[PDB]
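What follows is a set of notes on a single structure, which appears directly below.
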Amino acid sequence: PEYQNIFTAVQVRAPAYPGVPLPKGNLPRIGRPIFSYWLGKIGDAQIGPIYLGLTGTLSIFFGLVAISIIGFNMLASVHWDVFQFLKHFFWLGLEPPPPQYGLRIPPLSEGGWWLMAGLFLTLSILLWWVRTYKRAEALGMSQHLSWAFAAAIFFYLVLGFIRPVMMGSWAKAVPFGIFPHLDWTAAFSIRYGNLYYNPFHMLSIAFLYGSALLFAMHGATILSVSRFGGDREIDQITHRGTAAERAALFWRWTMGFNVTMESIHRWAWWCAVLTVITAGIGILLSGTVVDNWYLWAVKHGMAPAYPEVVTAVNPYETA
Amino acid sequence: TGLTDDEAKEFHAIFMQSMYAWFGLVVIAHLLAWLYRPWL
Amino acid sequence: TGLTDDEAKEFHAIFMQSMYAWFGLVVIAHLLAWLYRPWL
Amino acid sequence: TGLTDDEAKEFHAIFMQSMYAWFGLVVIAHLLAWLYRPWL
Amino acid sequence: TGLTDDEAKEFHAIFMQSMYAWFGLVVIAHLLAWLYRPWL
Amino acid sequence: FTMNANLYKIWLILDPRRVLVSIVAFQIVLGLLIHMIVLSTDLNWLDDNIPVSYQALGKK
Amino acid sequence: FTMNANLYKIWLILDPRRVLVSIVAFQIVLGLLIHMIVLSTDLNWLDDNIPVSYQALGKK
Amino acid sequence: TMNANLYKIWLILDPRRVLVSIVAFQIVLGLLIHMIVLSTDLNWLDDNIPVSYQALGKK
Amino acid sequence: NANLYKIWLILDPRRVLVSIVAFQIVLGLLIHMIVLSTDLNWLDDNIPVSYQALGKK
Amino acid sequence: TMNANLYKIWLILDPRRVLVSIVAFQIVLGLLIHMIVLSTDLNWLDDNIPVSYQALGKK
Amino acid sequence: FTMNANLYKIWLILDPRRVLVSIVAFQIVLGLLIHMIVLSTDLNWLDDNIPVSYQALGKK
Amino acid sequence: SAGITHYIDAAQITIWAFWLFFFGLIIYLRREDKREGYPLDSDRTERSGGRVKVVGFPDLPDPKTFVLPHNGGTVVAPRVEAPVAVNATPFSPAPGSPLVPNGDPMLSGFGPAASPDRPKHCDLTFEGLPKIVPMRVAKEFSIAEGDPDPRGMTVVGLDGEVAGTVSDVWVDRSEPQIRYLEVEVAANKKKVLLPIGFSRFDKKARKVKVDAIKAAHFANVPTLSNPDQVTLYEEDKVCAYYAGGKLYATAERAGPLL
Amino acid sequence: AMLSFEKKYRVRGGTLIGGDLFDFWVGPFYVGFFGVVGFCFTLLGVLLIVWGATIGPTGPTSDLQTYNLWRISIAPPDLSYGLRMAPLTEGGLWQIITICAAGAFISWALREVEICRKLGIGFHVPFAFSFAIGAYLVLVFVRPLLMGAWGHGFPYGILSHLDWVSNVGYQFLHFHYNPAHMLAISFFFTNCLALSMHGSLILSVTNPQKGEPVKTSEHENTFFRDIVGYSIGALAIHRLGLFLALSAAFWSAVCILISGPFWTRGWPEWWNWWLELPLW
Ligand code: BCL
Ligand code: BCL
Ligand code: BCL
Ligand code: BCL
Ligand code: BCL
Ligand code: BCL
Ligand SMILES: CC[C@H]1c2cc3[nH]c4c(c3C)C(=O)[C@H](C(=O)OC)c4c3nc(cc4[nH]c(cc(n2)[C@@H]1C)c(C(C)=O)c4C)[C@@H](C)[C@@H]3CCC(=O)OC/C=C(\C)CCC[C@H](C)CCC[C@H](C)CCCC(C)C
Ligand SMILES: CC[C@H]1c2cc3[nH]c4c(c3C)C(=O)[C@H](C(=O)OC)c4c3nc(cc4[nH]c(cc(n2)[C@@H]1C)c(C(C)=O)c4C)[C@@H](C)[C@@H]3CCC(=O)OC/C=C(\C)CCC[C@H](C)CCC[C@H](C)CCCC(C)C
Ligand SMILES: CC(C)=CCC/C(C)=C/CC/C(C)=C/CC/C(C)=C/CC/C(C)=C/CC/C(C)=C/CC/C(C)=C/CC/C(C)=C/CC1=C(C)C(=O)c2ccccc2C1=O
Ligand SMILES: COC(C)(C)C/C=C/C(C)=C/C=C/C(C)=C/C=C/C(C)=C/C=C\C=C(C)\C=C\C=C(C)\C=C\C=C(C)\C=C\CC(C)(C)OC
Ligand SMILES: [Ca+2]
Ligand SMILES: [Ca+2]
Ligand SMILES: [Ca+2]
Ligand SMILES: [Ca+2]
Ligand SMILES: [Ca+2]
Ligand SMILES: [Fe+3]
């Protein structure tokens, strides 16, 4: 019956803290920070202000462009009739260029807007990684986001520049819509064996799990010992305490081994990065490498073998 | 900002020029090419 | 709230007027509209 | 807000001449295209 | 804001020169373009 | 405005900034909304009828 | 106004501002919804009939 | 007509909001035009003339 | 042009600057594309000759 | 014509941010140029020159 | 309102604001929801039938 | 893959790659995992696992140098630590047997209410002033517009019966979040910091029940050296107490139910 | 053995349903009333399964029967024996294992609790673990029941259990459109993003730039207050986390409890109620 740190019960407030000032080059921060009791009944109720440098704008701009394309072309589809646009929303989208112009600039119509819009969600995305490392260390901060961001941004390119363009196919590159995009993953699994057989996916999974696992534990753990300032990890990292005392101990008399209020945060950043890493891996192999991972698998002695209560015939042979 | 009026311009020129090394390097690249493969 | 009766009318009058400027502006829009391609 | 009547009227004036700057440059824009490629 | 009329005015011309510089640099871009392959 | 003359009162409860700005947006959007919903099915002067010759006849 | 007589006490329990800005939207939305829904199937005056076939007669 | 009583406008509306909001609107809107138009019949880039210098020169 | 100067007393010049620079970078990268995509793909399609078509073959 | 007035800019804009970032701006674009010319315009490598590098090589 | 005599007490346990505005949403949804159900199925009085198609006869 | 060697191609190489560098990085972590708390203490048991190495397979890493904030000493890791006391007696001499909290456990400072001796220097904010302070100096603050102000709420033992009340709710200059509540006890007429984390709000009756320690225990609550600010050392100190209550405040709790 | 500072927490008792007996440690693990049992199932599984590895498909002789994790897999009984003990060889064994595994996660789960008590801490951990526990039941129990078949669950194959999904997944064609699977997926993603941020940030403040101080929240709470504009807060992250994950699970849990016993058409269709709205 103890206040289980769910939603900050009683809150409090103080003026808008525009963060630690920045050196000679970091333009002025911008915004008149706001407060939201609700949002704040979970976290730092203050809102903003936010920075906006060159890449900051430069990137944001290159952002709300593809959107203004992948967004436009899409609406066009349902002949500028929003009503249905609203209906066939989750279905709509913008497809890539036809297998002909494999790499050539597709016409203003046939998959053109997609290559256009694409490149603008190729830069802005890559430019925003800059809007990190930049605003990152200019805080006296090292780089670990910027890092991961790549690992992720890596996989994104393994779904474009690096592979789709690597197989000469302005098609082999994912569409641009929830469902259709939801289909690309579907389509892919097929066109090439069946991904469940490409290790680097069955791998990249365990990770997307671990993260779904760990940052899910340490999120609790912290909480469990959040009374003992566990949440204050920062210092716990430096000057330990009963927090990291009670915590790690848990896992010690649980799964045996254990670690530190520091270490964990490591595996964290790792499993995560070691996810999109393995992602873009398979996705890169699958295409210009093995064509059917199911065959691959068994051909390596991997793929299992069950009895056979059902089998069919083969027209191409008897006929 | 972060500068004055003298040391400031010292840079204006110092770099302005250098850059032209490029524009020039680029132009040799754009002209030497044109001579090679005519693009249109 | 934050305002009193005295400027309550002033903001009231300045805004009300303009509103009718658009109502006349757009009514006219729908006029040339009907002129061009009649609808329903 | 953040100002008084004085600074206010001055802005509005110059701010207008700048708006008619557009309408004129854009209307003349439309017209030039209107002559070339007729829409409707 | 954060400046007076003096320092401000100066900025207005200096960048203005470089601004039209664009209108000019890009006008020569088109005019020589329209020359090459007429569009519309 | 036979009755909407006694409305003067409203302004204190209805903040000027909240009512002014917010309504200039609803218009800025619906503006496009309409032209889009109408441009979509009703009639499309853009691709509905001539002048549409230059596109086909003028093209090749 | 069988009940509208004593109904005045209503302003007292219901926030003037909360109820005023609320109908402001419900009406603003209900109406855009109704013209959206009716116009969809019932009578789509837009792409439905007359006066002339701007598309049909004009396009061709 | 409007201007005389419209200076009082900036007396409630910040100059920055109008200066900032308008630029954003004029350009995104400007863009959604050639854009929604370009994809429309009166396309100009690859639609018609001048003489098919591409079709002629290419082949 | 006369009265245009007063704008610098309310809006941070640096802002509009970096704002403009980013605006002309995407646009240009856009236009050259929005056109090279449709109008005249001056790069690959018409000139000078097909060293690849008439050559590779 | 306009060269003289501009030098006063350095005080207002930091050299490092503008200089090193451009260092990239210049490098990024030139990489994505061969990227566009190489991808579509012409493939100076496998284009013209006896593409029979493997037709006369694999043999 | 016979209950009233014995029904007044309800309001000491049920906050006026909590139940008043609350039911206001309930009435608003169910309603919208019902037309949605009936209309959509039973009889779609709107696009369903009579007096007769207007856009269909005027279109062709 | 389990038998030995079968197929042979390219991609299958790489699967070996990552699934190698993994077993490398895995160790990296292992080491980085060991920084603090290492090496182990007793021989109550040996290292469970495949290869029972001296002390952990990954040779303990080297010292790490933590450059603390302004006006702050420097910390490193690993960093040998001075053995502590064990105010308890082993229920059994058997390795792995529990240690009973001699005398009054509530303060015997053991397990359920034990703790380390963090630096005795109030952790400060960005520039200088100390982060966690009472709403006294935290005058530039204000209760969340809406949330019922806790100042004046009468605390109530887990036994139910009152146990003093409250005073200043120690906010923070770093994050506008309440971290402590001053509790002018009833018997001590003193001040005992209440760890919000342990304080359950009951905005209905102005109360703030804490199912952690009986009303009386608010007297044995480690007293604050200074009321205008609290140091890390004690930051852990006040907390750890109530903590014990979780397994002390009642004979019931500690002992099994079935 | 004990940690540098563990030696001072190993109080006596704190157990749940009894356990003041085996209330001791071994290596770095606390036993109690649950560390004990879980073990049982463990070998009467980890090894009981070995029997399976031994037996295989046809029999321990069939060329089909192998010893390669990649292939080894214990198959559930045929839908035939609905909600009844199947012949180990034909199904039961599978059930048996599963029988155990249930408790092995119910024990270790509870054991976690006793611990959570000893170390006088919060219990967010187990409570969390439970979801994860549950999602394993509502995916080999809650479902198969509303399918009248135990053998109607899934296998225990190193990768073999993969297909089991492949099928049951396609049983609705584009499983992808399942409303849940969409969200539940989304979470298992968002989680793998925030995580790839917190665990990053921290490891970027406590070990910041060269010749720099162990930064303070006075940075963190701004790090994103700059890039993205706003910062959920520090305490928060360790909330959003559990949230995401402890939801993602419970979601997916729904995701496959309804797929079948609550919906037979291809999901893509479910998405129709949308279209058919008397509006567009
Ligand atoms: C479309 C048919 C024509 C064609 C017609 C045109 C037309 C018409 C125009 C261009 C223009 C440009 N074209 Mg072209 N172009 C063609 C084929 C090409 C090809 C190609 C591989 O085939 C390439 C690589 C280019 C490349 C270019 C760019 C050099 C140039 C500017 C674009 C821009 O807006 O940047 C965005 C701008 C910027 C980042 C900054 C502006 C630069 C100013 C001068 C500096 C500001 C001063 C500041 C205070 C000091 C600091 C300097 C830096 C910021 C550090 N063209 C074909 C053959 N091209 C434009 C041009 O040349 O303008 C001069 C133009 O108007
Ligand atoms: C349908 C077939 C017709 C057609 C029929 C109509 C009809 C019918 C109407 C329009 C209307 C409009 N059409 Mg049309 N239109 C056609 C083709 C076009 C094309 C085209 C490229 O082909 C374009 C670009 C347009 C463009 C336009 C807009 C000019 C206009 C209003 C838009 C709006 O909602 O802003 C909205 C509003 C606001 C942002 C704010 C409210 C305005 C207030 C009064 C003053 C702002 C005050 C503020 C607080 C002070 C600060 C100042 C600044 C904001 C800082 N039409 C075709 C040929 N069009 C409407 C119109 O123009 O009415 C006059 C209209 O009624
Ligand atoms: C569609 C058929 C025609 C055509 C017909 C038209 C028509 C008709 C018009 C244009 C217009 C434009 N066309 Mg066109 N156009 C065609 C083909 C093209 C092609 C092409 C590659 O083929 C291109 C690149 C363009 C590009 C352009 C833009 C340069 C221009 C403005 C758009 C806009 O939204 O302004 C929006 C504006 C803004 C965001 C800025 C705000 C304006 C105010 C007054 C200034 C701000 C004040 C501030 C406080 C001071 C600080 C100064 C600086 C900002 C620092 N056109 C074809 C051939 N085009 C428009 C135009 O140029 O009008 C003059 C126009 O009306
Ligand atoms: C497309 C048809 C032609 C062709 C036409 C052209 C044309 C036309 C041009 C090029 C240019 C270049 N081409 Mg090409 N090119 C072709 C085929 C190739 C092939 C190939 C394998 O076939 C290659 C590898 C290249 C490669 C190159 C680059 C060397 C060069 C510059 C690109 C760049 O972005 O620099 C990135 C730039 C910079 C970083 C900035 C300037 C360098 C500064 C001085 C270094 C930084 C200094 C800093 C302050 C100090 C710190 C040090 C570190 C940076 C930290 N080309 C074909 C045959 N190529 C351009 C060129 O060479 O200009 C000279 C050019 O204009
Ligand atoms: C289905 C076949 C029929 C049909 C049969 C029916 C039937 C049968 C009924 C309706 C009803 C309604 N129909 Mg119908 N209706 C049809 C076609 C339509 C069409 C159409 C375009 O074709 C439309 C737009 C409507 C619209 C409507 C609504 C006006 C109406 C009430 C909704 C409600 O639940 O209140 C929501 C409620 C509330 C917000 C609050 C509760 C009300 C209380 C008593 C007052 C509030 C007190 C408050 C505390 C005081 C403060 C005052 C202000 C709030 C500040 N119908 C077809 C032709 N319709 C219902 C109706 O009108 O009942 C009167 C009804 O019973
Ligand atoms: C057919 C192929 C279909 C498909 C079919 C299915 C099917 C069929 C199912 C899922 C399920 C799920 N799918 Mg799907 N799915 C597809 C594509 C995807 C994609 C994708 C990017 O393409 C994603 C991200 C997902 C994501 C998801 C998850 C939301 C969801 C739950 C997984 C889980 O963690 O259970 C969490 C599970 C557990 C916690 C239990 C295991 C842990 C136990 C308690 C402890 C083990 C201890 C051990 C035995 C002891 C030894 C010690 C060792 C060291 C471990 N799917 C394709 C389209 N998907 C499943 C689901 O919804 O489950 C609810 C499900 O049944
Ligand atoms: C294992 C690695 C995981 C990961 C890591 C990761 N993601 C990251 C990072 C890292 C390390 C970042 O550093 C970066 C980030 O958040 O930086 C602050 C990011 C990020 N991950 C993101 C998304 C994302 N990550 C995903 C996944 C993952 N990222 C992996 C699980 C997914 C998926 C598919 O599950 C998504 C969708 C972004 C939030 C952010 C990168 C943002 C970026 O590059 O933005 C560029 C700029 C724009 C898109 C412009 C936006 C335009 C306007 C600001 C908005 C206007 C409205 C909008 C257009 C709506 C339409 C309205 C119209 C009517 C106009
Ligand atoms: C959203 C919740 C996430 C989560 C949370 C989570 N997991 C947890 C916890 C928490 C909070 C723990 O506290 C607990 C832990 O590690 O405690 C120290 C744990 C745990 N999560 C584990 C695994 C695990 N979690 C997974 C997922 C998740 N766990 C979710 C992503 C997954 C997968 C596949 O995604 C796995 C494999 C364990 C390592 C551990 C629980 C260990 C335990 O209680 O083991 C008991 C039994 C044994 C050691 C012996 C096994 C003997 C059995 C008789 C055999 C069972 C056979 C099995 C059913 C077949 C498997 C074959 C498959 C390949 C088909
Ligand atoms: C032929 C042949 C060999 C046959 C085999 C025959 C055999 C061996 C038969 C025996 C079978 C048996 C009985 C096997 C069981 C043996 C046992 C007991 C194995 C241990 C079981 C077990 C659960 C092991 C752990 C499983 C693992 C590694 C899961 C990985 C998940 C993962 C990444 C966990 C992270 C672990 C860490 C680092 C935890 C520490 C940790 C965490 C998580 C915090 O949150 C935290 C917060 C604040 C401060 C500190 C900490 C902290 O230290
Ligand atoms: C009309 O629109 C209005 C005005 C109403 C505004 C509304 C807009 C809306 C609602 C937009 C909505 C957009 C949505 C929902 C988008 C959804 C997108 C999804 C789900 C995308 C999913 C996956 C996308 C992927 C994987 C994209 C990959 C893109 C790549 C890899 C692009 C690569 C580009 C490259 C490499 C370019 C290189 C340059 C060239 C081509 C020249 O090199 C040769
Ligand atoms: Ca598709
Ligand atoms: Ca027309
Ligand atoms: Ca009509
Ligand atoms: Ca043309
Ligand atoms: Ca060409
Ligand atoms: Fe953490």
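Quick reminder, even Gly has a Cβ in these numbers, built from the backbone with ideal geometry, and neighbours come from all protein chains shown. Basis: the model, the stated rules and, where named, an outside source; nothing here is a laboratory result.
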Flagged pairs (Cβ under 7 angstrom, 6 or more apart or on separate chains; first in segment B:15-36, free of Cβ contacts under 8 Å to residues at least 60 places away in the same chain; second in a helix (DSSP H, G or I) and surrounded by 10 or more Cβ atoms within 10 Å (Cβ to Cβ)) are B:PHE15/J:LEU19
Among L:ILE8, L:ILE15, L:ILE4, the single one that is surrounded by 13 or more Cβ atoms within 10 Å (Cβ to Cβ), among the hydrophobic types (A, V, I, L, M, F, W, C) and out of contact with any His (no Cβ under 6 Å at 6 or more places or on another chain) is L:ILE15
When (1) more than 9 Å from every other protein chain (Cβ to nearest Cβ); (2) free of Cβ contacts under 8 Å to residues at least 12 places away in the same chain are applied to L:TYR7, the one that fails is (1)
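One line per residue, one yes/no per condition, for (1) of a type outside the set (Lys, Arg); (2) free of Cβ contacts under 8 Å to residues at least 60 places away in the same chain; (3) surrounded by 17 or more Cβ atoms within 10 Å (Cβ to Cβ):
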site: A:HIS265; (1), (2), (3): yes, yes, yes
site: A:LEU285; (1), (2), (3): yes, no, yes
site: A:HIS300; (1), (2), (3): yes, yes, yes
site: A:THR311; (1), (2), (3): yes, yes, no
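In segment L:153-185, what residues are polar (S, T, N, Q) and within 15 Å of L:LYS131 (Cα to Cα)? First the steps, then the outcome.
Step one: list which residues in segment L:153-185 are polar (S, T, N, Q), which gives L:154, L:165, L:167, L:174, L:177.
Those that are polar (S, T, N, Q) and within 15 Å of L:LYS131 (Cα to Cα): L:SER174, L:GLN177.
Considering each of M:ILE237, M:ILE227 in turn, give the residue that is in contact (Cβ under 8 Å) with a residue 24 or more places away in the chain, of a type in the set (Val, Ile, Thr), closer than 30 Å to A:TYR17 by Cα and at the interface with chain A (Cβ under 8 Å from one of its Cβ atoms). Walk me through how you get there before you give the answer.
On the way: M:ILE227 fails: in contact (Cβ under 8 Å) with a residue 24 or more places away in the chain.
Exactly one residue qualifies, and that residue is M:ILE237.
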Of the residues in segment A:189-217, those that are outside any helix (DSSP H, G or I) and either under 18 Å from A:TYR156 (Cα atoms) or not small (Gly, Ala, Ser) (or both) number 6
Exception for M:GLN171 within (1) touching a residue at least 24 places away in the same chain (Cβ under 8 Å); (2) touching a helix residue (DSSP H, G or I) at 6+ places or on another chain (Cβ under 9 Å); (3) more than 8 Å from chain A (Cβ to nearest Cβ) falls at (2)
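Please state which one of M:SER107, M:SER80, M:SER130, M:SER160 is of a type in the set (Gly, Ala, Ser) and under 23 Å from M:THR54 (Cβ atoms).
Being of a type in the set (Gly, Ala, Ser) and under 23 Å from M:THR54 (Cβ atoms) holds for just one of M:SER107, M:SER80, M:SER130, M:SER160, which is M:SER160.
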Of the residues in segment I:18-32, those that are over 10 Å from A:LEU58 (Cα atoms) and crowded, with 16+ Cβ neighbours inside 10 Å come to I:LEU29, I:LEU30
The condition of being at the interface with chain A (Cβ under 10 Å from one of its Cβ atoms) and under 22 Å from the mean Cα position of the chain (by Cα) holds, among L:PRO130, L:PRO116, only for L:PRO116
Quick check: anything in segment L:224-246 over 20 Å from the mean Cα position of the chain (by Cα), charged (D, E, K, R) and within 13 Å of chain M (Cβ to nearest Cβ)? no
Within segment A:227-249, of all residues that are facing chain M (nearest Cβ under 7 Å) and within 29 Å of the chain's Cα centre (by Cα), the one farthest from ligand 8 (Cβ to nearest atom) is A:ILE234
Of the residues in segment A:251-282, those that are over 20 Å from L:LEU60 (Cα atoms), part of a helix (DSSP H, G or I) and at the interface with chain M (Cβ under 7 Å from one of its Cβ atoms) number 5
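Any idea which of B:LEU32, B:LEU25 is assigned to a helix (DSSP H, G or I), within 11 Å of ligand 4 (Cβ to nearest atom) and exposed (fewer than 10 other Cβ atoms within 10 Å of the Cβ)? Outline the logic, then answer.
On the way: B:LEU25 fails: exposed (fewer than 10 other Cβ atoms within 10 Å of the Cβ).
When all the criteria are applied, what remains is B:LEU32.
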| said: Considering only segment F:1-14, I want to know if a residue exists there that is within 11 Å of chain G (Cβ to nearest Cβ), more than 30 Å from A:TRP80 (Cβ to Cβ) and in a loop (DSSP other than H, G, I, E, B). | reply: yes
- Task: Taking A:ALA186 as the residue in question, decide whether it is assigned to a helix (DSSP H, G or I), under 16 Å from the mean Cα position of the chain (by Cα), surrounded by fewer than 19 Cβ atoms within 10 Å (Cβ to Cβ) and more than 16 Å from ligand 2 (Cβ to nearest atom).
- Result: no
Over segment A:79-107, the set of residues crowded, with 17+ Cβ neighbours inside 10 Å and more than 29 Å from A:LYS172 (Cβ to Cβ) is A:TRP80, A:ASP81, A:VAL82, A:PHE83, A:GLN84, A:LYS87
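Within the bounds of segment A:55-66, is there any residue that is in a loop (DSSP other than H, G, I, E, B), buried (at least 18 other Cβ atoms within 10 Å of the Cβ) and either of a type in the set (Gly, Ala, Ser) or not assigned by CATH to the domain that holds A:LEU182 (or both)? First the steps, then the outcome.
Taking segment A:55-66 and keeping what is in a loop (DSSP other than H, G, I, E, B), we get none.
Checked against the condition, which is being in a loop (DSSP other than H, G, I, E, B), buried (at least 18 other Cβ atoms within 10 Å of the Cβ) and either of a type in the set (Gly, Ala, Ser) or not assigned by CATH to the domain that holds A:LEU182 (or both), segment A:55-66 yields no hits at all.
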Within segment D:6-25, the residues that are touching a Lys or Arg at 6+ places or on another chain (Cβ under 9 Å) and closer than 10 Å to H:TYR7 by Cβ are D:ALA8, D:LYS9, D:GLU10, D:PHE11, D:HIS12
Looking across segment M:107-135 at residues that are free of Cβ contacts under 8 Å to residues at least 60 places away in the same chain and closer than 15 Å to A:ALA212 by Cα, the single one that is nearest to the other protein chains (Cβ to nearest Cβ) is M:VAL125
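Results for (1) within 13 Å of ligand 8 (Cβ to nearest atom); (2) surrounded by fewer than 18 Cβ atoms within 10 Å (Cβ to Cβ); (3) in a helix (DSSP H, G or I), shown as yes or no for each residue.
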{"residue": "M:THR61", "(1), (2), (3)": "no, yes, no"}
{"residue": "M:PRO76", "(1), (2), (3)": "yes, no, no"}
{"residue": "M:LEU93", "(1), (2), (3)": "yes, no, yes"}
{"residue": "M:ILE96", "(1), (2), (3)": "yes, no, yes"}
{"residue": "M:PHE105", "(1), (2), (3)": "yes, no, yes"}
{"residue": "M:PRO126", "(1), (2), (3)": "yes, no, yes"}
{"residue": "M:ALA132", "(1), (2), (3)": "yes, no, yes"}
{"residue": "M:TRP150", "(1), (2), (3)": "no, no, no"}
Residues of segment M:242-280 being without any contact (Cβ under 8 Å) to a residue 12 or more places away in the chain, within 30 Å of A:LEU223 (Cβ to Cβ) and away from chain A (no Cβ under 11 Å), in sequence order, are none
*Can we say A:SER224 is under 18 Å from A:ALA148 (Cβ atoms) and facing chain M (nearest Cβ under 7 Å)?*
no
Note to self: Condition (residue is among the polar types (S, T, N, Q) and more than 11 Å from every other protein chain (Cβ to nearest Cβ)) applied to segment K:18-38: is it met by at least one residue?
What the structure shows: yes
When every residue in segment H:4-59 that is away from chain I (no Cβ under 12 Å) and hydroxyl-bearing (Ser, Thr, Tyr) is compared, the one nearest to ligand 1 (Cβ to nearest atom) is H:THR40
